[PDB]
Every structure is written in C-alpha cells, then in structure tokens.
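**Q** Below is the file my_file07.txt, which contains compact mmCIF, C-alpha atoms and all ligand atoms.
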```
# COMPACT_ATOMS: atom_id res chain seq x y z
CA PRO I 1 6.11 57.85 156.40
CA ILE I 2 4.93 60.96 154.62
CA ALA I 3 5.89 64.43 155.90
CA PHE I 4 3.30 66.26 157.91
CA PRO I 5 2.27 69.09 157.77
CA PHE I 6 1.54 68.78 154.03
CA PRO I 7 2.48 71.66 151.66
CA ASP I 8 0.12 74.67 151.80
CA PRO I 9 -1.88 74.84 148.57
CA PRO I 10 -1.63 77.96 146.30
CA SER I 11 -5.23 78.84 147.02
CA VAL I 12 -6.69 79.68 150.47
CA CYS I 13 -9.89 77.88 149.26
CA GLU I 14 -8.21 74.48 148.68
CA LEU I 15 -7.07 71.85 151.15
CA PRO I 16 -3.99 69.78 150.68
CA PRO I 17 -4.93 67.27 147.98
CA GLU I 18 -3.03 64.55 149.83
CA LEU I 19 -5.88 64.37 152.41
CA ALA I 20 -8.57 63.08 150.03
CA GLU I 21 -6.08 60.80 148.27
CA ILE I 22 -5.25 59.17 151.63
CA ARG I 23 -8.92 59.14 152.84
CA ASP I 24 -10.09 57.48 149.73
CA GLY I 25 -7.16 54.93 149.41
CA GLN I 26 -4.97 53.77 152.28
CA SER I 27 -7.01 55.64 154.95
CA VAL I 28 -4.67 55.34 157.89
CA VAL I 29 -1.04 56.24 157.27
CA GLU I 30 2.11 56.87 159.09
CA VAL I 31 3.45 60.39 159.11
CA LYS I 32 6.71 62.00 160.13
CA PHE I 33 6.82 65.40 161.80
CA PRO I 34 9.57 68.01 161.16
CA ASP I 35 11.28 67.14 164.49
CA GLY I 36 11.50 63.50 163.32
CA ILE I 37 8.80 62.05 165.62
CA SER I 38 6.71 59.49 163.75
CA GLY I 39 2.90 59.25 164.05
CA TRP I 40 -0.36 58.06 162.55
CA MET I 41 -2.99 59.92 160.74
CA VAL I 42 -6.59 58.81 160.38
CA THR I 43 -8.93 60.36 157.90
CA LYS I 44 -12.33 58.65 157.69
CA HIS I 45 -15.23 60.21 159.66
CA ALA I 46 -15.55 56.96 161.78
CA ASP I 47 -11.92 56.88 162.70
CA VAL I 48 -11.63 60.53 163.55
CA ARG I 49 -14.69 60.33 165.75
CA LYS I 50 -13.27 57.22 167.43
CA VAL I 51 -10.03 58.94 168.17
CA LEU I 52 -11.96 61.69 169.96
CA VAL I 53 -14.51 59.54 171.71
CA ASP I 54 -12.66 56.35 172.74
CA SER I 55 -11.17 56.08 176.35
CA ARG I 56 -7.75 54.85 174.97
CA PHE I 57 -6.64 58.19 173.58
CA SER I 58 -5.11 60.66 175.95
CA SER I 59 -4.75 64.40 175.56
CA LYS I 60 -2.19 64.76 178.38
CA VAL I 61 0.99 66.33 176.97
CA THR I 62 6.43 80.26 182.66
CA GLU I 63 2.85 81.47 183.29
CA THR I 64 2.00 80.23 179.79
CA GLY I 65 3.20 76.75 180.69
CA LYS I 66 1.29 76.60 183.97
CA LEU I 67 -1.95 77.61 182.20
CA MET I 68 -1.54 74.94 179.59
CA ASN I 69 -1.37 72.42 182.44
CA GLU I 70 -4.46 73.89 183.95
CA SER I 71 -6.55 74.03 180.80
CA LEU I 72 -9.42 71.65 180.12
CA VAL I 73 -8.07 70.82 176.75
CA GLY I 74 -4.84 69.28 178.12
CA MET I 75 -6.61 67.20 180.85
CA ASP I 76 -7.75 63.56 180.87
CA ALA I 77 -10.38 62.15 183.18
CA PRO I 78 -10.79 62.14 186.16
CA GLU I 79 -9.38 65.72 186.43
CA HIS I 80 -11.06 66.76 183.24
CA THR I 81 -14.37 65.34 184.35
CA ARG I 82 -14.30 67.33 187.61
CA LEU I 83 -13.33 70.62 186.06
CA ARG I 84 -15.82 70.46 183.20
CA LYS I 85 -18.59 69.62 185.56
CA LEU I 86 -17.64 72.71 187.64
CA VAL I 87 -17.41 75.05 184.67
CA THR I 88 -20.80 73.94 183.24
CA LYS I 89 -22.47 74.92 186.39
CA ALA I 90 -22.13 78.44 185.00
CA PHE I 91 -21.31 77.93 181.30
CA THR I 92 -24.70 76.64 180.25
CA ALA I 93 -26.80 76.52 177.06
CA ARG I 94 -29.20 78.92 178.72
CA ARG I 95 -26.44 81.44 179.44
CA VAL I 96 -25.21 81.19 175.88
CA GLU I 97 -28.57 81.36 174.13
CA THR I 98 -29.60 84.37 176.19
CA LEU I 99 -26.37 86.22 175.10
CA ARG I 100 -27.53 86.19 171.44
CA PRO I 101 -29.15 89.66 171.64
CA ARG I 102 -25.94 91.25 173.04
CA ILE I 103 -23.83 89.41 170.43
CA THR I 104 -26.10 90.92 167.73
CA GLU I 105 -25.44 94.39 169.24
CA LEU I 106 -21.74 93.84 169.33
CA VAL I 107 -21.74 92.76 165.74
CA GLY I 108 -23.77 95.89 164.80
CA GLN I 109 -21.39 98.17 166.67
CA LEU I 110 -18.36 96.77 164.91
CA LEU I 111 -20.09 97.11 161.54
CA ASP I 112 -21.09 100.69 162.41
CA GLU I 113 -17.41 101.39 162.91
CA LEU I 114 -16.31 99.48 159.80
CA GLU I 115 -18.53 101.41 157.46
CA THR I 116 -16.85 104.75 158.38
CA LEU I 117 -13.32 103.57 157.49
CA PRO I 118 -11.61 104.38 154.22
CA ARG I 119 -12.30 101.71 151.69
CA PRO I 120 -11.41 99.06 150.70
CA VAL I 121 -11.17 98.01 154.26
CA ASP I 122 -9.47 95.01 155.92
CA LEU I 123 -12.08 92.79 157.54
CA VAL I 124 -9.45 90.95 159.66
CA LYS I 125 -8.14 93.81 161.69
CA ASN I 126 -11.32 95.83 161.92
CA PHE I 127 -14.04 93.15 162.51
CA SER I 128 -13.00 89.48 162.70
CA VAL I 129 -10.17 89.93 165.24
CA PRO I 130 -12.02 92.17 167.64
CA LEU I 131 -15.46 90.52 167.58
CA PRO I 132 -14.61 87.25 169.39
CA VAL I 133 -12.92 89.26 172.16
CA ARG I 134 -15.91 91.53 172.56
CA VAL I 135 -18.11 88.49 172.84
CA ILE I 136 -15.77 86.85 175.37
CA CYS I 137 -15.57 90.01 177.38
CA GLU I 138 -19.34 90.14 177.50
CA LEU I 139 -19.58 86.51 178.61
CA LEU I 140 -16.91 86.78 181.27
CA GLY I 141 -17.91 90.14 182.55
CA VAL I 142 -14.95 92.33 181.53
CA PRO I 143 -16.30 95.88 181.73
CA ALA I 144 -16.18 98.25 178.73
CA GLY I 145 -13.79 100.59 180.55
CA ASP I 146 -11.25 97.68 180.62
CA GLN I 147 -11.75 96.60 177.03
CA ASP I 148 -9.23 98.62 175.03
CA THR I 149 -6.45 97.32 177.27
CA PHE I 150 -7.95 93.81 177.22
CA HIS I 151 -7.83 93.83 173.40
CA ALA I 152 -4.17 94.84 173.49
CA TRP I 153 -3.42 91.86 175.72
CA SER I 154 -5.50 89.50 173.64
CA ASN I 155 -3.95 90.60 170.43
CA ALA I 156 -0.40 90.16 171.88
CA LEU I 157 -1.36 86.55 172.65
CA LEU I 158 -1.87 85.84 168.94
CA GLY I 159 1.76 86.55 168.03
CA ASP I 160 4.21 84.26 166.27
CA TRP I 161 6.79 82.08 168.23
CA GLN I 162 8.90 84.87 167.01
CA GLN I 163 7.29 86.71 170.02
CA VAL I 164 7.45 84.42 173.01
CA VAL I 165 8.34 87.34 175.24
CA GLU I 166 5.29 89.53 174.18
CA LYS I 167 2.90 86.64 174.67
CA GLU I 168 4.28 85.56 178.00
CA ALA I 169 4.05 89.17 179.25
CA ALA I 170 0.43 89.49 177.95
CA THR I 171 -0.37 86.21 179.74
CA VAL I 172 1.03 87.56 182.96
CA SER I 173 -1.03 90.71 182.67
CA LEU I 174 -4.21 88.65 181.99
CA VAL I 175 -3.48 86.48 184.97
CA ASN I 176 -3.20 89.54 187.31
CA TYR I 177 -6.10 91.26 185.59
CA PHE I 178 -8.46 88.32 186.28
CA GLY I 179 -7.37 88.19 189.98
CA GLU I 180 -8.43 91.82 190.34
CA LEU I 181 -11.65 91.26 188.37
CA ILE I 182 -12.55 88.42 190.78
CA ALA I 183 -12.42 90.81 193.78
CA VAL I 184 -14.52 93.39 191.95
CA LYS I 185 -17.11 90.79 190.94
CA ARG I 186 -17.18 89.19 194.42
CA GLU I 187 -18.32 92.60 195.74
CA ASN I 188 -20.71 93.58 192.97
CA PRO I 189 -21.85 90.47 191.12
CA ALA I 190 -23.45 90.84 187.68
CA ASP I 191 -24.92 88.67 184.93
CA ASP I 192 -21.71 87.12 183.69
CA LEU I 193 -19.71 84.01 183.90
CA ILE I 194 -17.04 85.13 186.40
CA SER I 195 -19.71 86.33 188.91
CA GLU I 196 -21.35 82.95 188.83
CA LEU I 197 -18.19 81.01 189.03
CA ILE I 198 -17.09 83.02 192.12
CA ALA I 199 -20.41 82.22 193.80
CA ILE I 200 -19.79 78.53 193.08
CA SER I 201 -16.23 78.79 194.37
CA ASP I 202 -17.35 80.64 197.59
CA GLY I 203 -20.09 77.96 198.17
CA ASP I 204 -19.07 74.39 198.88
CA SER I 205 -17.49 73.16 195.77
CA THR I 206 -13.80 72.74 195.46
CA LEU I 207 -13.61 75.30 192.64
CA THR I 208 -10.67 77.63 193.30
CA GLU I 209 -9.96 81.23 192.29
CA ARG I 210 -6.98 80.08 190.30
CA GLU I 211 -9.20 77.66 188.38
CA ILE I 212 -11.45 80.60 187.54
CA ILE I 213 -8.48 82.45 186.16
CA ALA I 214 -7.25 79.47 184.22
CA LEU I 215 -10.84 78.94 182.80
CA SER I 216 -11.12 82.58 181.78
CA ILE I 217 -7.86 82.52 179.90
CA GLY I 218 -8.49 79.11 178.44
CA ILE I 219 -11.81 80.40 177.00
CA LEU I 220 -10.03 83.46 175.57
CA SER I 221 -7.45 81.31 174.10
CA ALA I 222 -9.79 78.66 172.65
CA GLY I 223 -12.25 81.12 171.35
CA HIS I 224 -10.43 84.19 169.94
CA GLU I 225 -8.21 83.09 167.10
CA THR I 226 -10.47 80.27 166.04
CA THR I 227 -13.61 82.36 165.67
CA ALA I 228 -11.61 85.24 164.23
CA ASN I 229 -10.04 83.19 161.49
CA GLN I 230 -13.29 81.44 160.63
CA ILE I 231 -15.36 84.63 160.17
CA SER I 232 -12.99 85.91 157.41
CA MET I 233 -12.45 82.50 155.83
CA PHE I 234 -16.16 81.91 155.75
CA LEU I 235 -16.80 85.17 153.85
CA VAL I 236 -14.11 84.25 151.30
CA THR I 237 -15.55 80.79 150.78
CA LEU I 238 -18.99 82.18 150.29
CA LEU I 239 -17.74 84.70 147.72
CA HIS I 240 -15.86 81.93 145.94
CA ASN I 241 -19.20 80.05 145.71
CA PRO I 242 -21.63 82.71 144.49
CA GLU I 243 -24.54 80.35 143.78
CA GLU I 244 -24.37 79.25 147.53
CA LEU I 245 -24.14 82.79 148.74
CA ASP I 246 -27.21 83.70 146.65
CA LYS I 247 -29.25 81.18 148.59
CA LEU I 248 -28.62 83.23 151.73
CA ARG I 249 -29.22 86.79 150.47
CA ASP I 250 -32.64 87.55 151.91
CA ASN I 251 -33.06 84.60 153.99
CA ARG I 252 -31.79 84.74 157.43
CA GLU I 253 -33.67 81.55 158.23
CA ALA I 254 -31.06 79.69 156.19
CA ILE I 255 -28.16 81.10 158.17
CA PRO I 256 -27.86 78.47 160.90
CA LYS I 257 -27.49 75.53 158.34
CA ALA I 258 -25.10 77.59 156.29
CA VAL I 259 -22.82 78.23 159.30
CA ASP I 260 -22.69 74.50 160.06
CA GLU I 261 -21.91 73.83 156.39
CA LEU I 262 -19.13 76.38 156.60
CA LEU I 263 -17.80 74.85 159.79
CA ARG I 264 -17.71 71.54 158.01
CA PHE I 265 -16.10 72.75 154.81
CA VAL I 266 -13.65 75.45 155.98
CA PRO I 267 -11.43 73.76 158.55
CA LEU I 268 -9.25 75.31 161.27
CA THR I 269 -6.31 73.07 160.28
CA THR I 270 -5.85 69.62 158.86
CA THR I 271 -6.81 68.32 162.32
CA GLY I 272 -9.46 70.91 163.12
CA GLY I 273 -7.03 72.66 165.39
CA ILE I 274 -6.97 69.51 167.58
CA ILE I 275 -3.65 68.49 169.12
CA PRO I 276 -2.60 64.89 168.23
CA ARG I 277 -3.81 62.33 170.79
CA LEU I 278 -1.67 59.64 172.43
CA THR I 279 -2.85 56.07 172.58
CA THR I 280 -2.62 54.34 175.92
CA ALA I 281 -3.45 50.80 174.62
CA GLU I 282 -3.74 49.44 171.13
CA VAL I 283 -6.83 50.43 169.22
CA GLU I 284 -8.54 48.68 166.39
CA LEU I 285 -10.03 51.07 163.75
CA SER I 286 -13.11 50.69 161.52
CA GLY I 287 -10.95 49.41 158.61
CA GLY I 288 -9.10 46.77 160.72
CA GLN I 289 -5.90 48.82 161.31
CA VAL I 290 -4.69 48.45 164.80
CA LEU I 291 -2.94 51.50 166.14
CA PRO I 292 -0.24 50.57 168.66
CA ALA I 293 0.01 51.68 172.26
CA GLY I 294 2.07 54.79 172.85
CA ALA I 295 1.32 56.27 169.42
CA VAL I 296 0.84 59.89 168.44
CA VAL I 297 -2.37 60.00 166.33
CA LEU I 298 -3.58 62.93 164.14
CA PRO I 299 -7.31 63.13 163.73
CA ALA I 300 -7.69 64.66 160.21
CA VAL I 301 -10.94 66.51 160.88
CA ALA I 302 -10.59 68.51 157.68
CA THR I 303 -10.90 65.44 155.47
CA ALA I 304 -13.18 63.38 157.69
CA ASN I 305 -15.63 66.27 157.37
CA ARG I 306 -15.86 65.49 153.62
CA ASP I 307 -15.99 61.65 153.93
CA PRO I 308 -18.23 60.49 151.01
CA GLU I 309 -19.58 57.73 153.29
CA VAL I 310 -21.20 60.36 155.57
CA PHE I 311 -21.65 63.51 153.51
CA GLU I 312 -23.14 63.53 150.05
CA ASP I 313 -21.03 65.32 147.48
CA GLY I 314 -18.76 66.20 150.37
CA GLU I 315 -15.99 67.92 148.49
CA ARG I 316 -18.29 70.79 147.49
CA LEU I 317 -20.03 73.49 149.47
CA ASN I 318 -23.75 73.27 149.81
CA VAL I 319 -25.10 75.85 152.33
CA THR I 320 -28.46 74.07 152.34
CA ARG I 321 -27.02 70.73 153.57
CA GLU I 322 -29.32 69.24 156.18
CA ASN I 323 -27.51 66.02 156.94
CA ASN I 324 -24.36 67.47 158.54
CA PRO I 325 -22.76 65.47 161.36
CA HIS I 326 -19.56 67.42 161.19
CA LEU I 327 -16.58 67.08 163.57
CA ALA I 328 -15.51 70.76 163.55
CA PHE I 329 -16.23 71.00 167.28
CA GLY I 330 -14.75 67.65 168.00
CA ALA I 331 -16.53 64.89 169.89
CA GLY I 332 -16.30 62.95 173.15
CA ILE I 333 -15.38 64.57 176.41
CA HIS I 334 -13.40 67.51 174.92
CA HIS I 335 -16.22 68.47 172.55
CA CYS I 336 -15.95 72.25 172.14
CA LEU I 337 -17.21 73.98 175.24
CA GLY I 338 -17.98 77.00 173.09
CA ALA I 339 -19.73 75.11 170.32
CA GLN I 340 -23.13 76.81 170.68
CA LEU I 341 -21.54 80.22 171.41
CA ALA I 342 -19.30 80.00 168.36
CA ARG I 343 -22.28 79.11 166.18
CA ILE I 344 -24.13 82.15 167.51
CA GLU I 345 -21.19 84.50 166.86
CA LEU I 346 -20.78 83.24 163.27
CA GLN I 347 -24.48 83.32 162.59
CA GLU I 348 -24.84 86.89 163.83
CA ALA I 349 -21.65 88.04 162.09
CA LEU I 350 -22.53 86.56 158.74
CA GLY I 351 -26.24 87.48 158.81
CA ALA I 352 -25.41 91.07 159.54
CA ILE I 353 -22.74 91.37 156.93
CA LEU I 354 -25.04 90.02 154.23
CA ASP I 355 -27.83 92.28 155.46
CA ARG I 356 -25.79 95.39 155.68
CA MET I 357 -23.27 94.89 152.92
CA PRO I 358 -25.23 92.82 150.44
CA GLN I 359 -22.83 93.68 147.55
CA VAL I 360 -19.71 92.85 149.56
CA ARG I 361 -16.83 91.63 147.45
CA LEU I 362 -13.11 91.19 147.57
CA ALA I 363 -11.10 94.34 146.74
CA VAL I 364 -8.21 92.17 145.44
CA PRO I 365 -8.06 89.03 143.27
CA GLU I 366 -8.66 85.91 145.37
CA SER I 367 -5.21 84.55 144.23
CA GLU I 368 -3.61 87.39 146.16
CA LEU I 369 -5.03 86.27 149.42
CA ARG I 370 -2.74 84.18 151.57
CA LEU I 371 -2.72 82.30 154.85
CA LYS I 372 -0.42 83.64 157.58
CA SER I 373 2.80 81.58 157.66
CA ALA I 374 3.27 81.78 161.35
CA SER I 375 -0.16 80.87 162.68
CA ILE I 376 -1.29 77.64 164.35
CA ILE I 377 -4.71 78.24 162.67
CA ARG I 378 -5.51 78.61 158.97
CA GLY I 379 -6.31 82.34 158.61
CA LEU I 380 -5.91 85.24 156.23
CA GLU I 381 -3.26 87.90 156.61
CA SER I 382 -5.86 90.44 155.54
CA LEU I 383 -9.15 90.51 153.77
CA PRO I 384 -9.60 93.64 151.74
CA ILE I 385 -13.29 94.18 150.93
CA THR I 386 -15.67 96.76 149.51
CA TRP I 387 -19.45 96.76 149.05
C1 LIG P 1 -15.23 78.44 165.12
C2 LIG P 1 -14.88 78.57 166.51
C3 LIG P 1 -14.42 77.28 167.13
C4 LIG P 1 -13.99 76.00 166.61
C5 LIG P 1 -13.96 75.47 165.21
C6 LIG P 1 -13.63 75.33 167.85
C7 LIG P 1 -13.25 73.92 167.86
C8 LIG P 1 -12.88 73.15 169.05
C9 LIG P 1 -12.44 71.78 168.92
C10 LIG P 1 -12.29 70.96 167.70
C11 LIG P 1 -12.15 71.41 170.28
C12 LIG P 1 -11.64 70.03 170.73
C13 LIG P 1 -10.21 69.99 171.03
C14 LIG P 1 -9.76 68.58 171.43
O1 LIG P 1 -10.57 67.61 171.38
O2 LIG P 1 -8.58 68.45 171.78
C15 LIG P 1 -12.45 72.64 171.03
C16 LIG P 1 -12.33 72.71 172.49
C17 LIG P 1 -12.64 73.81 173.34
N1 LIG P 1 -13.30 74.89 172.92
FE1 LIG P 1 -13.64 75.45 170.95
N2 LIG P 1 -13.88 76.03 168.99
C18 LIG P 1 -14.21 77.20 168.54
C19 LIG P 1 -14.69 78.29 169.38
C20 LIG P 1 -14.68 78.32 170.83
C21 LIG P 1 -15.24 79.46 171.51
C22 LIG P 1 -15.83 80.71 170.98
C23 LIG P 1 -14.99 79.07 172.88
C24 LIG P 1 -15.40 79.92 174.00
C25 LIG P 1 -15.87 79.24 175.05
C26 LIG P 1 -14.37 77.74 172.87
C27 LIG P 1 -13.97 76.98 174.04
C28 LIG P 1 -13.30 75.68 174.01
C29 LIG P 1 -12.87 75.04 175.24
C30 LIG P 1 -12.85 75.63 176.63
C31 LIG P 1 -12.41 73.77 174.78
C32 LIG P 1 -11.84 72.66 175.61
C33 LIG P 1 -13.02 71.82 176.05
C34 LIG P 1 -12.50 70.60 176.83
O3 LIG P 1 -11.30 70.23 176.71
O4 LIG P 1 -13.32 69.98 177.54
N3 LIG P 1 -14.24 77.31 171.61
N4 LIG P 1 -12.96 73.60 170.29
K K P 2 -1.30 69.78 156.58
K K P 3 -9.92 75.95 179.98
```
Mind turning this structure into structure tokens?
Ligand code: HEM
Ligand SMILES: [K+]
Ligand SMILES: [K+]

**A**
Amino acid sequence: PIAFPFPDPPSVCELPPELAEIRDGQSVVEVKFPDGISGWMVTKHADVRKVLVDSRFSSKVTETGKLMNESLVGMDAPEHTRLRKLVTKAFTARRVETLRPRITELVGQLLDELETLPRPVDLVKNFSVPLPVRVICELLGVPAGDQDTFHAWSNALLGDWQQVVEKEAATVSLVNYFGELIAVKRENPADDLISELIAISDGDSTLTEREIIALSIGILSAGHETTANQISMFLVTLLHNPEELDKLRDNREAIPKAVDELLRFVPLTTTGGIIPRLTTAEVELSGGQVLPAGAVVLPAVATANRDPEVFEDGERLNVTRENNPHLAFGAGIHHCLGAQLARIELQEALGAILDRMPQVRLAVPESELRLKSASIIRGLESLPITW
C-alpha cells in the first residue's frame, strides 16, 4: 500500500503527481492512512462516479459530534432520503436563482470595502472568507445586526484541531443562536430559508426545530470554507494561466463555463473534500477490480476530473471547455445541495473582480504562496494582490 495523503507539491498550482501516474497505470490501488488503516483509492472518472452513485457505498461513519450525526452528509438512505426531501421543500433552484441579485450586491459591497484598504491587500481575509458567510446569512435569514457576531462564530469554526475548544464553543453558540432565530422568524417570517422551513415544520411534516438547526449549521459548514478556499485558488490559477484569463476579460458571458472549468481543475482535496465511503457488499469496477465488502474507498475526484477518457487535454486549463461533466459537486444522492448556489457565488465573485480590478496581480512571487498545513481543504494562507 502507498501512503495517503500524498506529499504536498511545492507549488499551490500542482497536484500530487502520483494521482495521474496511478490513474493512467494501475488505476485502483491500495492505500495506507497515517493511523495504519488500509483502504482503496479509485481514480478514473467512471469509478469515482460509481463510488458516489452506487447503493453499496455507505457514508455512515459534544455538540459538534451530535451535529455530525444529524448532517445530511453523514446519512444513508432511508434517513437521508427523508431529510433531503424535507430540506428541498425550501432549498429550491428557484430560491437560489432568485438570490443572484443579492449575491451580486454582497460581492460589490465587499469589493467596495477591499478597495479602501492599504495595498497590497490579502484577498483571503478581506473577501474570500467573509463572502460565503454573507451569502449564507442572506439565504438563511440572519439579519445584518447579527452578522458581525455570526462571522466571529463562523470564523472560529474554521480553526485547526489545535483549537477543538474554540470550535466546540462556537458550535454551541450557533446552536443557541439558531434556536432564538427560529422564534423570531416564527413571529415575523421573511423571504429566507429558515422562515420557510419553520412553516413546513409547523404544518404537517415531521420536520423538527432541531433538524432546522442542524440543517442551518450543516449548510454553514459545507459552504463556508469550501467556497472561501475556491475563490482565492481560482484567482491564482487564472493568473498562472494568463492566456485563459484573457479570454474572460470583457466577456462576462464566458464566466459560467470558466467557473465550471475551474471547479474541475482546482480541486478541494484529492477526494474533492469527500469523506471516504465504506462498501457494504463487494463491488466490481469498470476495469474488473472487485472491491471487497467492508472496505474504506477514496474517490479521487481531483484526478478523475482530468481523466483523458472524458476530458480532452484534461491536465490543462481551458476556460472555454464546453464538454465538462466534472465531479466537483459529487454525484448520486449526496450531490452537493449547494451546487447551483456555489456556482452563482463564484461567478459573481470572479466576474466582479475582473470587472473592477482588471489589472489584478499577485503582490508576491507565486512560489511564495502556500497551502495552510492545518486545513481539511486545500486553501491559501493569504493571497496578497494589487491592481
Ligand atoms: C465550491 C463550493 C463547493 C464545493 C466544491 C462543494 C462540494 C460538495 C461535494 C463534493 C459534496 C458531496 C459530499 C459527499 O458525497 O460525501 C457536497 C455536499 C454538500 N454540499 Fe457542497 N460544495 C460546495 C459549496 C456548498 C455551498 C455553498 C453549500 C450551501 C448550501 C453546500 C451544501 C452541501 C450540503 C448540505 C451537502 C450534503 C448534501 C447531502 O449529503 O445530501 N455546498 N458538496
Ligand atoms: K493527497
Ligand atoms: K446538513
């Protein structure tokens, strides 16, 4: 077995070279984690998708611990089926699409603030970290008067492992905050997700208040650090590929395809941020490998998203790519609930940056940039820019 996680490459713009070497040779390999558990990794686009779509792979694994047990992402059917069907009574494509104008305003506000800071200015702290929380607040219905405090909580959640106590205490505050917000929204409902969910809960469905709380925090948690890290990594990738970036410069029509190309090419982790699945029966894969029952299986999204069988010239960035069946939002029943909302946030963020800061560049050499050591997601410590 080879050791997983692989070494981090010198450059934030490279993936571990062992991924492509596996994908393109042995394909499915055994790995060994640092705690000595042994697993399997699959790398081809067909195997990764199978691992996410097939019924034989299970996701089932303090306030923090309870919430993890209550989150969609750790559930299997039938519990997962029920909860998702309850949440999507309110979390709809219509709700998300109709938020686009407010997302655009929130992006503009943050850029209005950014452009008055001393320069060069860190994009991470001053834009990428706060934007996904603003958007989540707007979706959920957290009022602006609660937002400074809500940011402080959210940001405490992103700590290290070195701060288990900070994070647990932030989680506790968020849990009591959302209980109070439910009573305010029951009395004065508004156009937001919590108001609708409460109305569903108060009607005849079995949706509970606690489930509303667990949904709210699960959305925060799924959608803050992911989106945050991707905004900054996307900008770096684009800058590293100036002929791709030029195709976008006065051409906001091209932004949606570019975002999907960036999602494909700039991964959250080796597995797209997806926790290894557990097989519940043996499973035959596209190449004839049969994964055994009871096995921990890593779906290598990052490399499947460059599989030369599905993506032409897949190890390079092409922001014009039309044919892009990427797995960055997963597939099957756990397919990212926020997939459309995330696309909208990244589209609006990137289109505005390029519109407003068309000469944006890095204020340090790209070799000086580095991924945070102590993060579960691939993300920059800082991103010093000027324009
Ligand atoms: C670039 C931003 C994002 C990426 C790349 C991302 C990716 C993913 C992936 C790969 C999964 C599947 C996990 C699995 O199969 O185990 C997932 C699940 C989830 N996503 Fe996202 N996501 C992002 C943003 C968001 C946002 C903004 C929200 C806000 C709603 C969100 C809400 C969730 C939820 C609730 C789940 C669990 C769905 C379920 O288990 O049924 N995500 N996401
Ligand atoms: K790795
Ligand atoms: K959830």

**Q** So what do you get for CA of residue 119 (chain I) versus CA of residue 384 (chain I), distance-wise?

**A** 8.5 Å

**Q** Quick one: pull the distance between atom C21 of ligand LIG 1 (chain P) and CA of residue 226 (chain I), Å, one decimal.

**A**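 Taking atom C21 of ligand LIG 1 (chain P) as the start and CA of residue 226 (chain I) as the end point, the length is 7.3 Å.
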
**Q** How would you write as a list in words the residues that get within 12 Å of (-22.4, 57.8, 155.6) in the file's frame, counting all atoms listed in the file?

**A**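 Taken together, the residues in range are residues 44, 45, 46, 304, 305, 306, 307, 308, 309, 310, 311, 312, 313, 314, 323, 324, 325 and 326 of chain I.
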
**Q** Would you list the residues near (-11.8, 75.3, 156.2) (no more than 12 Å away, in the coordinates of the file, using all atoms listed in the file) as a count of residues only?

**A** 47

**Q** Please write out the residues within 6 Å of ligand K 2 (chain P) as JSON, numbers by chain, counting all atoms listed in the file.

**A** {"I": [4, 5, 6, 270]}

**Q** Show me which residues line ligand LIG 1 (chain P), defined as having an atom within 8 Å of a ligand atom where all atoms listed in the file count, and present them as a ChimeraX atom specification.

**A** /I:52,59,71-75,80,84,132,136,215,218-224,226-231,263,267-268,272-277,327-339,341-343,345-346

**Q** Just the number, please: distance in Å from CA of residue 278 (chain I) to CA of residue 51 (chain I), one decimal.

**A**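 Those two atoms sit 9.4 Å apart.
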
**Q** Which of these, I:122, I:381, I:112, I:138, has the shortest distance to residue 150 (chain I) once you count all atoms listed in the file?

**A**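 Looking only at the distances to residue 150 (chain I), the closest residue turns out to be I:138.
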
**Q** Pick out the closest residue to residue 213 (chain I) from this set: I:287, I:189, I:299, I:179. Count only C-alpha atoms.

**A**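 For residue 213 (chain I), the nearest of the given residues is I:179.
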
**Q** Could you rebuild region 166-178 of chain I with N, CA, C and O atoms and give me the result as a short mmCIF file (atom, residue, chain, number, x, y, z; two decimals), in the coordinates of the input?

**A**
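Done, and the output landed in out.cif:
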```cif
data_model
loop_
_atom_site.label_atom_id
_atom_site.label_comp_id
_atom_site.auth_asym_id
_atom_site.auth_seq_id
_atom_site.Cartn_x
_atom_site.Cartn_y
_atom_site.Cartn_z
N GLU I 166 6.53 88.69 174.24
CA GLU I 166 5.29 89.53 174.18
C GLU I 166 4.10 88.75 174.75
O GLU I 166 3.37 89.24 175.56
N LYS I 167 3.96 87.54 174.28
CA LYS I 167 2.90 86.64 174.67
C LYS I 167 2.96 86.24 176.12
O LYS I 167 1.96 86.30 176.81
N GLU I 168 4.13 85.84 176.60
CA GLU I 168 4.28 85.56 178.00
C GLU I 168 3.92 86.79 178.84
O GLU I 168 3.22 86.69 179.87
N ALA I 169 4.37 87.98 178.44
CA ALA I 169 4.05 89.17 179.25
C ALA I 169 2.52 89.49 179.19
O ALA I 169 1.87 89.90 180.15
N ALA I 170 1.91 89.28 178.05
CA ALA I 170 0.43 89.49 177.95
C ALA I 170 -0.30 88.48 178.86
O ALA I 170 -1.23 88.79 179.59
N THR I 171 0.21 87.26 178.88
CA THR I 171 -0.37 86.21 179.74
C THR I 171 -0.28 86.55 181.22
O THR I 171 -1.20 86.36 181.98
N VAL I 172 0.85 87.10 181.61
CA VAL I 172 1.03 87.56 182.96
C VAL I 172 0.05 88.67 183.26
O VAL I 172 -0.56 88.69 184.32
N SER I 173 -0.10 89.64 182.36
CA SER I 173 -1.03 90.71 182.67
C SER I 173 -2.48 90.18 182.83
O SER I 173 -3.28 90.69 183.62
N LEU I 174 -2.84 89.21 182.00
CA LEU I 174 -4.21 88.65 181.99
C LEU I 174 -4.40 87.91 183.27
O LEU I 174 -5.43 88.04 183.93
N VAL I 175 -3.36 87.18 183.70
CA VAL I 175 -3.48 86.48 184.97
C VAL I 175 -3.71 87.46 186.13
O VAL I 175 -4.55 87.19 186.99
N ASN I 176 -2.96 88.56 186.19
CA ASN I 176 -3.20 89.54 187.31
C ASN I 176 -4.47 90.33 187.11
O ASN I 176 -5.20 90.62 188.05
N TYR I 177 -4.78 90.64 185.85
CA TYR I 177 -6.10 91.26 185.59
C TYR I 177 -7.28 90.42 186.12
O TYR I 177 -8.14 90.93 186.84
N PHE I 178 -7.32 89.12 185.84
CA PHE I 178 -8.46 88.32 186.28
C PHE I 178 -8.50 88.17 187.81
O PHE I 178 -9.59 88.09 188.40
#
```
